[PDB]
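Residue-level structural notes
Next come the chains, spelled out residue by residue.
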Amino acid sequence: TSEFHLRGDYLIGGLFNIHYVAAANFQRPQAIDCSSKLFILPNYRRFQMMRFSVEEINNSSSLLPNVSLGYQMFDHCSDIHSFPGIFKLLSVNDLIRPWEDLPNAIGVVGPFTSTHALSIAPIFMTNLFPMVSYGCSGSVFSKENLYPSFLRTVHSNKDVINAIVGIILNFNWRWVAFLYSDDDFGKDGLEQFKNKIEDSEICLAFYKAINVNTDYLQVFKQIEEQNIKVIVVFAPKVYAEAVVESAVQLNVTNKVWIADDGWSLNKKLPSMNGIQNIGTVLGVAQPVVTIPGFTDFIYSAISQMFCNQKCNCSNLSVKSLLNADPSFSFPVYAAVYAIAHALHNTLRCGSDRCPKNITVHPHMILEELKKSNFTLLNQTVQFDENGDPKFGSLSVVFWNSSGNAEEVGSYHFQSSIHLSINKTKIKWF
Amino acid sequence: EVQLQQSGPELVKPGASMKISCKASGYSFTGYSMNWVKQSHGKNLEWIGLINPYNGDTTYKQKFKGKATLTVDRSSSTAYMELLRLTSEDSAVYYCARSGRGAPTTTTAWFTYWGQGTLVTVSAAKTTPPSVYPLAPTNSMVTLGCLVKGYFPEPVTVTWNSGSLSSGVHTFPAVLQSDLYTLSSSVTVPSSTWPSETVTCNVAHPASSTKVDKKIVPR
Amino acid sequence: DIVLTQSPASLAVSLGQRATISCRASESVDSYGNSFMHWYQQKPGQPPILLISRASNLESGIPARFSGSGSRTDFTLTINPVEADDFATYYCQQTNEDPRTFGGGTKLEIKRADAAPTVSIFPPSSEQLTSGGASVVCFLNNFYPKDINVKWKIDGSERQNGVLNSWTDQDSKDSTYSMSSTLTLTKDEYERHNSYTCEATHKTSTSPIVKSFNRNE
Amino acid sequence: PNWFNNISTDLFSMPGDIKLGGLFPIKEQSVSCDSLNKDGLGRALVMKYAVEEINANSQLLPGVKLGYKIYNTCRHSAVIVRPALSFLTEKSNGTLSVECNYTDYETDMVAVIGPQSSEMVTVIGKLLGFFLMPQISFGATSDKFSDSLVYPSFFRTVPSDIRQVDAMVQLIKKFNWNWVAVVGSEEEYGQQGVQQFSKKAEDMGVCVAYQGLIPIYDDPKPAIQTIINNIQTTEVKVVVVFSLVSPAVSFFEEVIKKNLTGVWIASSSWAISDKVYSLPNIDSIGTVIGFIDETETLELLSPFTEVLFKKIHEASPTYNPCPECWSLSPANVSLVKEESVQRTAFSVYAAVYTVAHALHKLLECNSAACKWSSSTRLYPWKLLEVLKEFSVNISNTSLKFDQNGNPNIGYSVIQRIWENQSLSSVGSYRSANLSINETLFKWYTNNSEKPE
Ligand SMILES: *[C@@H]1O[C@H](CO)[C@@H](O)[C@H](O)[C@H]1NC(C)=O
Ligand SMILES: *[C@@H]1O[C@H](CO)[C@@H](O)[C@H](O)[C@H]1NC(C)=O
Ligand SMILES: *[C@@H]1O[C@H](CO)[C@@H](O)[C@H](O)[C@H]1NC(C)=O
Ligand SMILES: *[C@@H]1O[C@H](CO)[C@@H](O)[C@H](O)[C@H]1NC(C)=O
Ligand SMILES: *[C@@H]1O[C@H](CO)[C@@H](O)[C@H](O)[C@H]1NC(C)=O
Ligand SMILES: *[C@@H]1O[C@H](CO)[C@@H](O)[C@H](O)[C@H]1NC(C)=O
Ligand SMILES: *[C@@H]1O[C@H](CO)[C@@H](O)[C@H](O)[C@H]1NC(C)=O
Ligand SMILES: *[C@@H]1O[C@H](CO)[C@@H](O)[C@H](O)[C@H]1NC(C)=O
Ligand SMILES: *[C@@H]1O[C@H](CO)[C@@H](O)[C@H](O)[C@H]1NC(C)=O
Ligand SMILES: *[C@@H]1O[C@H](CO)[C@@H](O)[C@H](O)[C@H]1NC(C)=O
Ligand SMILES: *[C@@H]1O[C@H](CO)[C@@H](O)[C@H](O)[C@H]1NC(C)=O
Ligand SMILES: *[C@@H]1O[C@H](CO)[C@@H](O)[C@H](O)[C@H]1NC(C)=O
Ligand SMILES: *[C@@H]1O[C@H](CO)[C@@H](O)[C@H](O)[C@H]1NC(C)=O
Ligand SMILES: *[C@@H]1O[C@H](CO)[C@@H](O)[C@H](O)[C@H]1NC(C)=O
Ligand SMILES: NC(=O)CC[C@H](N)C(=O)O
Ligand SMILES: NC(=O)CC[C@H](N)C(=O)O
Ligand SMILES: [Ca+2]
Ligand SMILES: [Cl-]
Ligand code: NA
């Protein structure tokens, strides 16, 4: 058997990216061998979270009684080479016919990133095949006419950008540097930032697209000569680590660093030697949501051909996996449950049985998905008309001397003061 | 465009407190500090403090700590300054003023937008309407006037012929004597246009709800 | 606290000429690669207007005849050429350090050719008399420079008590000053005297300008 | 031209040994795609001209018939995906098989001509790039596609907008304007246009007072009022309008109502749009300076088309991207006579010919025969290998594609003349060099002198 696939009465696609590789030129039309590339522990954790969720539901005699959920899951280290997995989810018996109005899957969870979603979503949108993303935060996916069957269980970039602005406005500094990943996620972030501060005291004094060619020596030289103290770094794990590691090596000091939620809970950087030297790190963070039972599931899982379904991660420390950045955990959990509930309601399941042999079209799943209204771990799972989530909080953290991301504030989407911060918890310099 | 609109002049009792409003419009209110400035009649400008309308944080100049209280109302985009325990040394013109964009800190920001100013008169003296007296007299130009006597508090306004007579007008600054103000105003018209064309001064004193139209009638 | 000292305190400059105004700070007002000294114009009864920020940056909408220079502790505002509506008080302001402080200000006057006052005298109105008071008013209008001397004579003897004076701000058209002199008496005292004189002395003439009326006419 | 005799009546489906996919915005919305796009229809006709001419050339692909299938894109994401998927079906099955390795997979089409718009390229460019299927756009100008790491199989016969915005900023600098606004349509083209322009404009010391985006899906009129209010507020007298046509029309509908006048800088998307220039009192908005692709005129296009529409009308009593095209007659020859089609037809023509020559090279042809038979298997990735950095003469044009899939094509700078309802030529932009002649300019101002 395999972690990546599970037979069931109905199938859910899982689109993950367990390995990382930078894009490169290719001269053949074929999938990429991701199993040989850089392993990513927290993405792998999120992958397990989906496996955990499905098994939890299959264990339940209440949700989907006597109806098993299976999955086909993928490790797409490359968005441009992800299409074989995507085709498999949409095919009738390993065949696609383009002009069709019984697909292998009833919906899909993922993908994690905006680049992955932009590359493949039109193929799902055409037949209103439902996608529930646990990570994609692009502004553009809130345009329902462009992405009619796209939903997500994390907030749009606009909300995180608002929280970041609230962090800046709580303090006295008004010149800001904005370092962003040279990708769709990063560019959209810069755009929202620029839009949000235009009518405020905040001045964007410097900004730069981050990639492998960044002259960090020169970037930090300029930042220093403009006497800029606040540096927003809006970037995924790989880019954020490049920035902060370069900052340590170039003896950047006395800065105030502000992280987006994709690296405020990073687990490598708070323990890196010298991290202290570059100043103070704050960030917007997803609060830690405890998923009961997950710990036991991981211990159990670690104790254990189609492309992009191979982990090559034998002999992982169970400890390291448990302790990995837990951001996006509830987004994954809630995404699986939303599809489960949608299926349950589409089948017209009662409290202890389901009408059987019923053929389900993905578009029927969609209608129930958009009408989602259920409780999960004392949160209420709903989506607005744009497919954006109406659940999930944002907090402010401070990386404190023992290496923890200590909560020091809460971001309120509605409140008169949008951002509270207990400033005495923050130990500067 | 940006407008800072302050509440009107106010006569207030010694020992009392009063609240000045600054209604901000035309921009995103919580994006900029709102400053307050005091100008005594001596004319020195003095920075009182500022408020961050986003979270309510305040910074004061030391001497105004416990003397002025800055607040904001985000739902009406209004900044407030409350002055406590008023004495005659709190008599002054008070301005709100928004920080601009481009300074590196909240502390270094300069003031790009100003409210029109609020005159605060701290006195136990009571509100009194003015008496308005005509001032009538062969040069080609003849000068006339209006004496505006015994009012309190400031201000009064003086126009001539409802605004139509504007050139050759001098409206002198009030003078306070025994808790009462007096000012006068002169207007100069061609000698051939008076008395044949009626010249009338219009005086108003809002504080006592007074409006007087005094025609300048030949002796 | 940073103390800002402006010089000169007051200044008279002809139309078309250059006005130079200094501001000195007790301590440096530099930081972040900038000098945080700003210049404001204030006309009487109006809010201050920001002319120049960070020593030399001319604000949008402000005429180019205004310019600023300097660094650390020494700054200069230059107005060139001066125009007729430029009379005002000019303030510097440092924002490098809490608390923000302003200079005591420099009053710029428009210099023009000397002009003698037009004097007009007015008896009390009957409307005032019948309530029990008697104010005698004298206007001294459209003169330059501002220095002027006014004496009141009642029946030949100079009267010093009861006289309030008041100057207008400079006129924005012809750059002159005007003044009102008001001798306030009681009706009983007014009716006890005949000749009322307002006498004005100004550098434009060695002979004073005298205006009189007699009460019994 | 004797070979005009042998041409067939099928517009959107020509049979052949080797086939091209066609993607054209033929019918759009006003989900229902019911509004004929006459420019889109016109460009499709240019491809049929190209292909009929290629097959009548005895020595270009001598033993091989070139065919194609053209589909409507409706400039809409859900619509274009299906024909793009159909291009990828296995040639002898009609189905798209699911595999990890497509190296030996023979697709129905060998290359794609189109789509027209940059927003549509973003829909299918990664899909087609995965298969390494050559796609040659005759109209999508966004600079996003200049990266072969992101868009692996993309080419175009029109230049990237990063060059056009360089031309615009240079022109603005020449006329000594330093204070402008920029307005785009709210999709890939206008959005990248506005950003690229703002970047360049900053670098060259042009202050952009205001940036605006015109919605393409909403009611655009509220956003337009806001944009126009900001233009009046900033008092800019030069506005760069980097926009698709329908948003542009809606925009100038409001510019006209509010009697605004100034300088308007037209991107190539609307610079010769009759939809704009036929608006009531458009002649009152002042001076329009525009940029368009430098192209040859296809002298045989109008003579090819009249003959075709005669043959269509003849066999006219005998599923479609243009249902109502059955009743096309010689009267409808105006579709290719239209100036927006005449001046851009070559971009479509060069794209088809670029593939035809590449195929000629792939198959090792000479003037007489090709290494080709009914059992020859054509893989798009092999054709891609040939197309990289391709140099080919097409009519009198020496066409070279750089590493990025961009052509050595420049711009014509033009002005709209109101009394004429024509366009004057005021200069050109080639390589990175703007060459205009200021005295050739007409200024539509109170005294016919240049603003500022
Ligand atoms: C697993 O990964 C390493 C590279 O990190 C590679 O060298 C090894 O061959 C891989 N094992 C596989 C693909 O079975
Ligand atoms: C589901 O049930 C099995 C027992 O049949 C148990 O081992 C497993 O831990 C459960 N998995 C969950 C709750 O995710
Ligand atoms: C559960 O489903 C099976 C088929 O997998 C069916 O045969 C059986 O009747 C069901 N059992 C129930 C509803 O208890
Ligand atoms: C790092 O230290 C070096 C030498 O001590 C210095 O030249 C440089 O400015 C520092 N880099 C910073 C502060 O970014
Ligand atoms: C969601 O469900 C709860 C009860 O299940 C109900 O109180 C609430 O009104 C529902 N929200 C809807 C129907 O929008
Ligand atoms: C850092 O934060 C963690 C969790 O918020 C807390 O338990 C720990 O005591 C903190 N360490 C400090 C404040 O030194
Ligand atoms: C704020 O921070 C201080 C310093 O750590 C802490 O002791 C206190 O409990 C906090 N105040 C709250 C949570 O109200
Ligand atoms: C083309 O048409 C001519 C007459 O119109 C005919 O004689 C000839 O057979 C055709 N040539 C072909 C089909 O190659
Ligand atoms: C893909 O297929 C081609 C031809 O069958 C082969 O040359 C190539 O090695 C394959 N790549 C694989 C199997 O990874
Ligand atoms: C535009 O012009 C017309 C006259 O041609 C006028 O009636 C109308 O009020 C104007 N509209 C404006 C200024 O918005
Ligand atoms: C063709 O021409 C006729 C009139 O000449 C017109 O009615 C018809 O709409 C045209 N077809 C088009 C423009 O597609
Ligand atoms: C195109 O024409 C040029 C100029 O004559 C020539 O040098 C070049 O070799 C030609 N390229 C071809 C035929 O591919
Ligand atoms: C108008 O007419 C012709 C062609 O329409 C053109 O050559 C001429 O330059 C135009 N007149 C102008 C631009 O003044
Ligand atoms: C520019 O056009 C003018 C037209 O009057 C003429 O003086 C000159 O020949 C032209 N210069 C060029 C094309 O370089
Ligand atoms: N890297 C991250 O922060 C997660 C993905 C990111 N939110 C995106 O949309 O691309
Ligand atoms: N319809 C059009 O001609 C649009 C073309 C435009 N250059 C684009 O890239 O989208
Ligand atoms: Ca007496
Ligand atoms: Cl298109
Ligand atoms: Na179940």
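What counts, and at which threshold
- Residues numbered from 1 in each chain as written, not as in the entry; some residues may be left out.
- Chains lettered and ligands numbered in written order.
- Heavy atoms only, no water.
- Core = buried A, V, L, I, M, F, W, Y, C linked by side-chain atoms within 4.5 Å.
- Buried < 20%, exposed > 50% of the residue type's maximum accessible area, 1.4 Å probe, protein only.
- Helix = DSSP H or I, 4+ residues; strand = E, 2+ residues; numbered from the N terminus.
- Contact = heavy atoms within 4.5 Å.
- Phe/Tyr/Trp six-rings, centres within 6.5 Å; stacked < 30°, edge-to-face > 60°.
- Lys NZ or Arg CZ within 6 Å of the ring centre and 35° of its normal.
- Near = heavy atom within 4 Å.
- Polar contact = N/O pair within 3.5 Å; in protein donor to acceptor, adjacent residues only side chain to side chain.
- Areas by Shrake-Rupley, 256 points an atom, 1.4 Å probe, with all protein chains shown as cover.
- Axes fitted to C-alpha atoms, helices over the stretch in contact; angles between N-to-C directions.
- Parallel < 35°, antiparallel > 145°, perpendicular 65-115°, else oblique.
- Left-handed = near helix turned anticlockwise from the far one by under 90°.
- Nonpolar A, V, L, I, M, F, W, Y, C, P; charged D, E, K, R; others polar.
- Expected span 1.5 Å × (residues − 1).
- Buried area = accessible area lost by both parts, 1.4 Å probe.
- Salt bridge = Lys/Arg side-chain N within 4 Å of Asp/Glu carboxyl O.
- Donors = N, O, S within 2.8 Å, 3.2 Å for Na, K, Ca; no water.
- 1 Å grid on protein atoms, 1.4 Å probe; cavity = no way out; pocket = protein on both sides within 12 Å on 5 of 7 lines; lining within 4 Å.
- Points joined across faces, edges and corners; volume = space filled by probe spheres on them.

For this deposited structure, the header cites X-ray crystallography as the method used and 2.206 Å as the resolution.

Core analysis: the largest hydrophobic core is formed by 74 residues, its most contacted members being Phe12(D), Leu20(D), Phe24(D), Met47(D), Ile113(D), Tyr349(D) and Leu359(D). With 12 residues, the single largest contributor to this core is helix 12 (residues 345-362) of chain D. Dropping the residues within four chain positions of it, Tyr349(D) is found in contact with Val46(D), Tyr49(D), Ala50(D), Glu53(D), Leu298(D) and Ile394(D). In this structure, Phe47(A), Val154(A), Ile365(A) and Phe383(A) belong to the second largest nonpolar core, which totals 60 residues.

This part is about unusual backbone geometry. With an omega of 0°, the peptide bond between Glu154(B) and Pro155(B) qualifies as cis. Mapped onto the elements, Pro155(B) comes out in the loop between strand 13 (141-151) and strand 14 (157-160). With an omega of -5°, the peptide bond between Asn80(C) and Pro81(C) qualifies as cis. Considering the arrangement of structural elements, one finds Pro81(C) in the loop between strand 10 (74-79) and strand 11 (88-94). Residue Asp179(B) is not a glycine yet carries a positive backbone phi of 55°. Here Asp179(B) is to be found in the loop between strand 16 (175-176) and strand 17 (181-190). One non-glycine residue, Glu235(D), lies in positive phi territory at about 55°.

Considering all chains together, one arrives at 81 aromatic pairs over all chains under this definition. Measuring from centroid to centroid gives 6.4 Å for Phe87(A) and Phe131(D), while their planes differ by 35°, and the two rings are tilted. Pair noted here: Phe87(A) is in helix 2 (residues 83-90) and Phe131(D) is in the loop between helix 3 (118-130) and strand 8 (135-137), and the two residues belong to different chains. Residue classification places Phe87(A) among the buried residues on the basis of a relative accessible area of 0%. An aromatic cluster of at least three residues, connected via ring pairs, comprises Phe4(A), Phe16(A), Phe39(A), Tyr44(A), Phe47(A), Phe112(A), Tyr134(A) and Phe328(A). Of note, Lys423(A) hangs over the ring of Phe171(A), and the distance from its end group to the ring centre comes to 5.5 Å. For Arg98(B), the ring lying beneath its charged end belongs to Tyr27(B), and the centroid distance is 4.6 Å.

Further remarks concern the site of ligand 14. Residues and elements named next belong to chain D. Neighbouring residues of ligand 14: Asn 437, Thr 439 and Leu 440. Taking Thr 439, its side chain carries an N or O atom lying 3.2 Å from an oxygen atom of ligand 14. Considering ligand 14 on its own, with 360 Å² of exposed area, one finds that the protein chains cover 24% of that surface.

Residue and element names in this part refer to chain A. With their axes 8 Å apart at the nearest point, helix 10 (residues 329-347) and helix 11 (residues 362-370) run at an angle of 110° to one another. Relative to helix 11, helix 10 is oriented roughly perpendicular. The way helix 10 lies across helix 11 gives a crossing that is right-handed. Between helix 10 and helix 11, the contacting residues are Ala 338, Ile 339, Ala 342, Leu 343, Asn 345 and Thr 346 on the first element and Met 364, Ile 365, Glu 368 and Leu 369 on the second. Residue composition of the contact of helix 10 with helix 11, grouped by class: 7 nonpolar, 2 polar and 1 charged.

Between its first and last C-alpha atoms helix 1 (residues 41-59) of chain A spans 27 Å; for 19 residues at 1.5 Å apiece the expected length is 27 Å, and the two agree. Summarising burial for helix 1 of chain A: 14 of the 19 residues are buried, a large majority.

Our focus in this paragraph is the interface of chain C and chain B. Between chain C and chain B, the contact holds 46 residues from the first and 46 residues from the second. Between chain C and chain B, roughly 3,800 Å² of surface is buried when both sides are summed, and carbon and sulfur atoms account for 62% of that area. Broken down residue by residue, the surface that chain C buries against chain B is led by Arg100(C), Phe102(C) and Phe122(C), which jointly contribute 17%. For the pair chain C and chain B, the number of links is 1 salt bridge. In this structure, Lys214(B) engages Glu127(C) in a salt bridge whose closest nitrogen and oxygen atoms are separated by 2.8 Å. Linking chain C with chain B are 18 residue pairs in polar contact, by the criterion used here. With 5 residues, strand 15 (residues 133-143) of chain C is the largest single contributor of residues to the side of chain C that touches chain B.

Okay, the coordination of the calcium ion (ligand 17) next. Note on metal sites: the ideal angle is 109.5 degrees for four tetrahedral donors, and 90 or 180 degrees for six octahedral donors. Distances from the calcium ion (ligand 17) to its protein donors, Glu189(C) (OE), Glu189(C) (OE) and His193(C) (NE2), fall at 2.2 to 2.6 Å. Overall, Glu189(C) belongs to the buried group, its relative accessible area being 14%.

Within the element layout of this structure, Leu322(A) appears in helix 9 (residues 318-322). Once you skip the residues sitting within four places of it in the chain, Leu322(A) turns out to touch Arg45(A), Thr295(A), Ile298(A) and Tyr299(A).

On to the interface of chain A and chain B. With 20 residues of chain A at the interface, the matching set in chain B holds 21 residues. Interface area lost by chain A to chain B is led by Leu169(A), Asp199(A) and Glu201(A), which between them contribute 36%. Taken together, the links from chain A to chain B amount to 1 salt bridge. Salt-bridge contacts for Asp57(B) lead to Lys423(A); the nearest nitrogen and oxygen are separated by 3.4 Å. Connecting chain A to chain B are 18 residue pairs in polar contact. For the side of chain A that touches chain B, the leading source of residues is helix 4 (residues 157-170) of chain A, giving 3 residues. Considered class by class, the residues forming the side of chain A that touches chain B number 9 nonpolar, 6 polar and 5 charged.

What follows is about the environment of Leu118(A). Residue and element names in this part refer to chain A. Along the chain, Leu 118 falls in helix 3 (residues 114-126). A sequence separation of 161 residues divides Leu 118 from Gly 279, and the C-alpha atoms of the two residues are 36 Å apart. Residues in contact with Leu 118, not counting those within four places in the same chain, are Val 140, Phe 141, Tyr 147 and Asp 184.

Attention shifts here to empty space enclosed by the protein. All names here are of chain A. Here the largest cavity is characterised by a volume of approximately 50 Å³. Forming the walls of the largest cavity are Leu 15, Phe 16, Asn 17, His 76, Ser 82, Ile 86, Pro 111, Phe 112, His 116 and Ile 120. Contributions of two or more residues to the lining of the largest cavity are made by strand 2 (10-16) and helix 3. For the lining of the largest cavity, the per-class residue count stands at 6 nonpolar, 4 polar and no charged.

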